[PDB]
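Asks: Sequences listed follow chains B, O and H, in order.
Each residue of the first sequence is one higher than the last, beginning at 4 in the authors' numbering.
Each residue of the second sequence is one higher than the last, beginning at 2 in the authors' numbering.
Each residue of the third sequence is one higher than the last, beginning at 2 in the authors' numbering.
Backbone N, C-alpha and C define an ideal beta-carbon position, used for all residues, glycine too.
Once you've had a glance at the structure underneath, I'll fire off some questions.
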Amino acid sequence: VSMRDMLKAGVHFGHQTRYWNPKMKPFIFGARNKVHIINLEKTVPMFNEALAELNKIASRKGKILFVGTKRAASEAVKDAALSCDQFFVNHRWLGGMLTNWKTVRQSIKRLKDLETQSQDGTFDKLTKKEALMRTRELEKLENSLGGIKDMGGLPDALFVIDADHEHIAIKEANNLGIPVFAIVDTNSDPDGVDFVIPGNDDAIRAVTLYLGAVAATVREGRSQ
Amino acid sequence: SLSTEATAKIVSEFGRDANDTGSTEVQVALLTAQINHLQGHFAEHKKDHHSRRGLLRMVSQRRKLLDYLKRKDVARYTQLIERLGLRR
Amino acid sequence: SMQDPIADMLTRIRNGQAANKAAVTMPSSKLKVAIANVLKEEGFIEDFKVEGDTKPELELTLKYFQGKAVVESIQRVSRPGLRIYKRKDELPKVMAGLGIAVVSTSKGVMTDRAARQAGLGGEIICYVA
RNA sequence: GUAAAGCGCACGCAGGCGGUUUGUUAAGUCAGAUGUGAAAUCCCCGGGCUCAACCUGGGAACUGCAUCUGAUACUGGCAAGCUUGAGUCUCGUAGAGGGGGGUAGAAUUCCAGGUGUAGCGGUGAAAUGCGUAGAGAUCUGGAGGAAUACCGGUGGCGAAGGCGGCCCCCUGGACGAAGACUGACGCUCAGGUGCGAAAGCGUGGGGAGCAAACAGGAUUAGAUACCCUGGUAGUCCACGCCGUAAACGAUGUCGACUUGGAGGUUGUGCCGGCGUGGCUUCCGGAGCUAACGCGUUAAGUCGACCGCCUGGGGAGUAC
Ligand SMILES: [Mg+2]
Ligand SMILES: [Mg+2]
Ligand SMILES: [Mg+2]
Ligand SMILES: [Mg+2]
Ligand SMILES: [Mg+2]
Ligand SMILES: [Mg+2]
Ligand SMILES: [Mg+2]
Ligand SMILES: [Mg+2]
Ligand SMILES: [Mg+2]
Ligand SMILES: [Mg+2]
Ligand SMILES: [Mg+2]
Ligand SMILES: [Mg+2]
Ligand SMILES: [Mg+2]
Ligand SMILES: [Mg+2]
Ligand SMILES: [Mg+2]
Ligand SMILES: [Mg+2]
Ligand SMILES: [Mg+2]
Ligand SMILES: [Mg+2]
Ligand SMILES: [Mg+2]
Ligand SMILES: [Mg+2]
Ligand SMILES: [Mg+2]
Numbered sequence: 004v005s006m007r008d009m010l011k012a013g014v015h016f017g018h019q020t021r022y023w024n025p026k027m028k029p030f031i032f033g034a035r036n037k038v039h040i041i042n043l044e045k046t047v048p049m050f051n052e053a054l055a056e057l058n059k060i061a062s063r064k065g066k067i068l069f070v071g072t073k074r075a076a077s078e079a080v081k082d083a084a085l086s087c088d089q090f091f092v093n094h095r096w097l098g099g100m101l102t103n104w105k106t107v108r109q110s111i112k113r114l115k116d117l118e119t120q121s122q123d124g125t126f127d128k129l130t131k132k133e134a135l136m137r138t139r140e141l142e143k144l145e146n147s148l149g150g151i152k153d154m155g156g157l158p159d160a161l162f163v164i165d166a167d168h169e170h171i172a173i174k175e176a177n178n179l180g181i182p183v184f185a186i187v188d189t190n191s192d193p194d195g196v197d198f199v200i201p202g203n204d205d206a207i208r209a210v211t212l213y214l215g216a217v218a219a220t221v222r223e224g225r226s227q
Numbered sequence: 002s003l004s005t006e007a008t009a010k011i012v013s014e015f016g017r018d019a020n021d022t023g024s025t026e027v028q029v030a031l032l033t034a035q036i037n038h039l040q041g042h043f044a045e046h047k048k049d050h051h052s053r054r055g056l057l058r059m060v061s062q063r064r065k066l067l068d069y070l071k072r073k074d075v076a077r078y079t080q081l082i083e084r085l086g087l088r089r
Numbered sequence: 002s003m004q005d006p007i008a009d010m011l012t013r014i015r016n017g018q019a020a021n022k023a024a025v026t027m028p029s030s031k032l033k034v035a036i037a038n039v040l041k042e043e044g045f046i047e048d049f050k051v052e053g054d055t056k057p058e059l060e061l062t063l064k065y066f067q068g069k070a071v072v073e074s075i076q077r078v079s080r081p082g083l084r085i086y087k088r089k090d091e092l093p094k095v096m097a098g099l100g101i102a103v104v105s106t107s108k109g110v111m112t113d114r115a116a117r118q119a120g121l122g123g124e125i126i127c128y129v130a
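Below you can see the structure in the form of structure tokens.
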């Protein structure tokens with residue numbers, strides 16, 4: 004991760020100046036054709052520091068929740084997490100997933116209670132009505148809690164994409180004292196964010212770049 | 002208000018130069034000229050209250066400038082009020 | 002109209018600190034410079050400087066410790082509408098001695114502790130904590 | 001702001017307050033000293049009554065006042081400055097700002113006449129009313145008063161109250177760009193003075209439309225109303241008085257400071273873009289707030305000065 008690849012992936016394209024959060028000012032570089040340019044000359048140490056704090060976190064029995072439901076990320080944020088044996092949430096964050104873990108944990112208890120029935124055959128015993136229902140309950144709990152079935156508990160770090168869209172997940176992290184690493188764009192607040200990577204968080208290439216960097220870093224941390 | 006010519010004439014007469022538009026004597030003489038002129042307007046237009054507010058502002062500013070001049074240099078003050086025919 | 006430049010300087014410090022400004026600037030005066038010198042040598046501001054010949058401007062570098070402004074409270078005491086003088090026995094303690102009172106004595110502007118050590122009273126300019 | 005509470009608005013004397021530099025003074029202020037501040041009392045330390053209360057020896061204290069001698073940062077006085085506050089000048093700009101005079105077109109009403117004939121008008125439905133003595137409708141001509149469609153706009157101007165066709169005369173303020181000038185001339189303001197919607201009052205005019213009062217027709221249990229048909233003060237003009245309104249942003253004036261976004265309006269600089277001023281609408285951040293909300297036009301953070309409040313009623317009444 005160094006400057007040139009960030010320009011290639013368009014990390015420096017922010018939102019239009021009129022949608023800016025004045026608190027992003029310290030990472031803003033310009034306002035071209037009325038859109039904000041992010042100062043990548045800070046996206047780096049910042050990001051590189053975020054990547055080292057993660058490692059330190061991972062390399063030590065680490066549990067990093069990736070968070071990215073913005074539909075130009077869901078698929079993208081699953082594989083990066085999947086590539087490093089970490090957990091993910093890429094379809095709507097359920098209010099309380101962390102703060103209300105004791106209740107949410109019961110619905111993953113339902114996911115395995117029922118997924119293990121898609122194989123055990125139990126369905127070969129229904130009026131086609133109740134088994135084609137328990138399946139809607141599967142593909143539903145698989146859609147939201149699919150990537151945190153194995154977390155078996157609260158994490159040691161979130162790597163959220165779009166602090167604005169994922170404002171619920173961060174307030175939850177903050178409330179519980181789990182550090183937050185996030186891509187904060189020029190329209191977002193970095194306040195509850197512990198590691199701010201000022202950068203684009205809606206371009207597919209930039210998000211892929213961040214996710215690849217984080218997943219490689221976590222793989223290194225676990226391997227070491 | 003005062004025309005360019007009448008203003009410039011007063012500035013030349015009371016000022017220490019044609020550029021000295023800001024001295025207290027020049028300001029007081031300009032105000033006095035406009036007040037005396039407007040006497041004819043308000044003799045005819047007695048119900049022109051809105052303009053008369055500006056006239057009373059002229060009177061008040063002139064009073065303040067005269068008090069400043071009297072406290073600053075009494076001889077200049079006396080000369081000025083004799084030239085313009087002011088009571089005080 | 003402006004009738005208390007010292008309260009203005011204190012307010013500029015307070016507001017700049019609240020706004021997380023790195024520095025504040027105001028028109029200068031020798032009294033403001035003396036107060037700023039007390040503030041700097043007591044550790045409440047990083048530094049100050051005066052620039053300009055005919056219209057000097059005083060710039061104060063503010064300081065922050067751990068995301069918090071160092072000047073927690075700064076308050077005018079003696080003011081044009083009510084002057085406050087204290088004899089040396091009655092010099093105020095600010096925050097039980099953890100803050101300072103800035104005192105104009107006949108030996109110059111100094112902290113309440115320095116005035117107490119010099120055995121002088123004077124005008125209580127402000128409380129800084 | 002909404003709980004009680006910002007004068008309707010302003011000018012302004014007394015008063016309070018006062019940008020910046022140097023010198024001087026030493027009044028305030030500060031330091032020391034001297035005199036005094038009765039004793040008792042209070043307080044601290046002891047001492048006496050078996051203890052205590054009581055009594056009592058020394059201290060402290062009596063925060064004050066005066067005088068003398070020092071200090072000079074701040075405040076005040078005085079002297080000289082300075083230009084950043086305040087003001088003058090030059091050139092332009094927008095504006096329902098004010099006063100006076102004139103004038104235009106639309107419409108209502110009335111009057112005269114032409115055509116024409118049985119209705120019109122009105123309501124929830126009616127009726128009163130108007131109409132064969134020819135209404136209503138329609139056309140022509142005339143008189144008179146009042147108001148200015150469209151433009152027109154969370155547009156503009158004004159201290160507030162307010163201000164709207166067009167033209168002229170007289171006149172106030174605001175703002176912008178370059179400079180030049182004066183050199184703190186400032187801010188606020190009890191009392192005072194001035195302005196101050198509508199209604200009302202006096203005198204003299206005017207009177208189309210509208211309309212308190214009043215009359216009739218309805219409605220209703222009643223209907224001193226709401227609805228209808230009429231209709232006088234008044235509404236209009238001149239001059240004088242009155243001095244009050246939910247005169248409201250229910251938010252006093254002046255200055256400084258403190259993240260943003262979208263507009264309106266009015267200047268100006270440079271090359272439709274980028275700046276830079278004035279006024280203004282909406283949203284919102286910190287902060288503030290009982291909350292609602294306010295939020296660079298603050299109800300945020302401060303300073304100067306003024307006005308005002310102190311449970312509800314009695315009462316903004318009585319005298
Ligand atoms: Mg009420
Ligand atoms: Mg009230
Ligand atoms: Mg008011
Ligand atoms: Mg005033
Ligand atoms: Mg001064
Ligand atoms: Mg003395
Ligand atoms: Mg005694
Ligand atoms: Mg004993
Ligand atoms: Mg004793
Ligand atoms: Mg002095
Ligand atoms: Mg009064
Ligand atoms: Mg009237
Ligand atoms: Mg009358
Ligand atoms: Mg009539
Ligand atoms: Mg009627
Ligand atoms: Mg009243
Ligand atoms: Mg009104
Ligand atoms: Mg209003
Ligand atoms: Mg009121
Ligand atoms: Mg708001
Ligand atoms: Mg009464």
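(1) Pull up the CB-CB distance for H/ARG117 and H/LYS89, whole angstroms please, since I reckon it's below 8 angstroms.
(2) Report back the beta-carbon spacing between B/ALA76 and B/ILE164 to the nearest angstrom; my notes put them in contact at under 8 angstroms.
(3) Run the CB neighbour count on H/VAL129, radius 10 Å, all protein chains shown included, and call it buried at 16 or more, exposed below.
(4) Is it the case that the stretch 209–224 of chain B contacts the stretch 3–22 of chain O, given that we only count it when at least three CB pairs across the two stretches are under 8 angstroms?
(5) Output the distance between the C-alpha atoms of B/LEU148 and B/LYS128, rounded to the nearest integer angstrom.
(6) Compute the Euclidean distance between the alpha carbons of H/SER29 and O/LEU81, then round it to the nearest angstrom.
(7) Along the chain, where does the beta strand (DSSP E) that runs through H/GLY123 open and close?
(8) What first and last residue would you give for the alpha helix (DSSP H) that runs through O/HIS51?
(9) Which same chain residues, not among the five before or five after H/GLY122, have their C-beta less than 6 angstroms away from its C-beta?
(10) Take every Cβ of the stretch 181–198 of chain B, pair it with every Cβ of the stretch 25–45 of chain B, and state whether three or more of those distances are shorter than 8 angstroms.
(11) What number of angstroms, rounded off, separates the C-alpha of B/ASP116 from the C-alpha of B/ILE171?
(12) Considering residue 265 of chain B, what are the terminal residues of the beta strand (DSSP E) in which it resides?
(13) Give a yes or no on contact between the stretch 98–109 of chain H and the stretch 57–66 of chain H, applying the rule of three or more CB pairs nearer than 8 angstroms.
(14) Got a sec, what are the start and stop residues for the beta strand (DSSP E) B/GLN227 sits in?
(15) May I ask you to verify whether the stretch 61–68 of chain B touches the stretch 88–98 of chain B, counting CB pairs closer than 8 angstroms and requiring at least 3?
(16) Can you tell me where the alpha helix (DSSP H) with O/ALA7 in it begins and where it stops?
(17) For O/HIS38, does the three-state DSSP call read helix, strand or coil?
(18) I'd like the span of the beta strand (DSSP E) that includes H/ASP48, first residue to last.
(19) Looking at C-alpha atoms only, which residue of H/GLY120, H/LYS64, H/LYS108 and H/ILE7 is the closest neighbour of H/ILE36?
(20) Assuming B/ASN51 and B/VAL14 make a contact with CB atoms under 8 angstroms, what is their CB distance in whole Å?
(21) Have a look at B/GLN120 and B/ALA134 and give me their C-alpha separation to the nearest angstrom.
(22) Verify whether the separation of the beta carbon atoms of B/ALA176 and B/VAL199 is less than 9 angstroms.
(23) Would you say H/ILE125 and H/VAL110 are within 9 angstroms of each other, going by their C-beta atoms?
(24) Rounded to whole angstroms, how far is the Cβ of B/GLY155 from the Cβ of B/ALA84, which I believe are closer than 8 angstroms?
(25) Assuming B/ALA219 contacts B/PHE16 (C-beta within less than 8 angstroms), just tell me the rounded distance between them.
(26) Rounding to the nearest angstrom, what Cα-Cα distance links B/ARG21 and B/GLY195 in this structure?
(27) What residues in its chain sit with their C-beta under 7 angstroms from that of O/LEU39, if we drop five residues either side in the sequence?
(28) Based on the DSSP output, what are the partners of B/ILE67 in its beta bridges?
(29) What three-state label does DSSP hand B/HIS39 in the structure shown?
(30) As a quick exercise: from H/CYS127, H/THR26, H/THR12 and H/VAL25, pick the residue whose alpha carbon is nearest that of H/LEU83.
Replies: This is what the structure gives:
(1) At roughly 6 angstroms, the Cβ-Cβ gap stays under 8 angstroms, so H/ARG117 and H/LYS89 are in contact.
(2) 5 angstroms
(3) buried
(4) No, they do not touch.
(5) 27 angstroms
(6) 38 angstroms
(7) 123–129
(8) 50–73
(9) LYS87, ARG88 and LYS89
(10) These segments touch.
(11) 28 angstroms
(12) Absent from the model: residue 265 of chain B. The displayed extent of chain B is 4 to 227, so no value can be given.
(13) no
(14) Segment: none, B/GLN227 is in no beta strand (DSSP E) and carries neither H nor E.
(15) yes
(16) Its alpha helix (DSSP H) spans residues 5–15.
(17) Helix, per DSSP.
(18) 46–52
(19) H/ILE7
(20) At roughly 14 angstroms, the Cβ-Cβ gap does not stay under 8 angstroms, so B/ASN51 and B/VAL14 are not in contact.
(21) 10 angstroms
(22) no
(23) no
(24) The Cβ separation is near 15 angstroms, so there is no contact.
(25) Rounded, the Cβ-Cβ distance is 24 angstroms, inconsistent with contact.
(26) 22 angstroms
(27) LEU56
(28) B/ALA160
(29) strand
(30) H/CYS127
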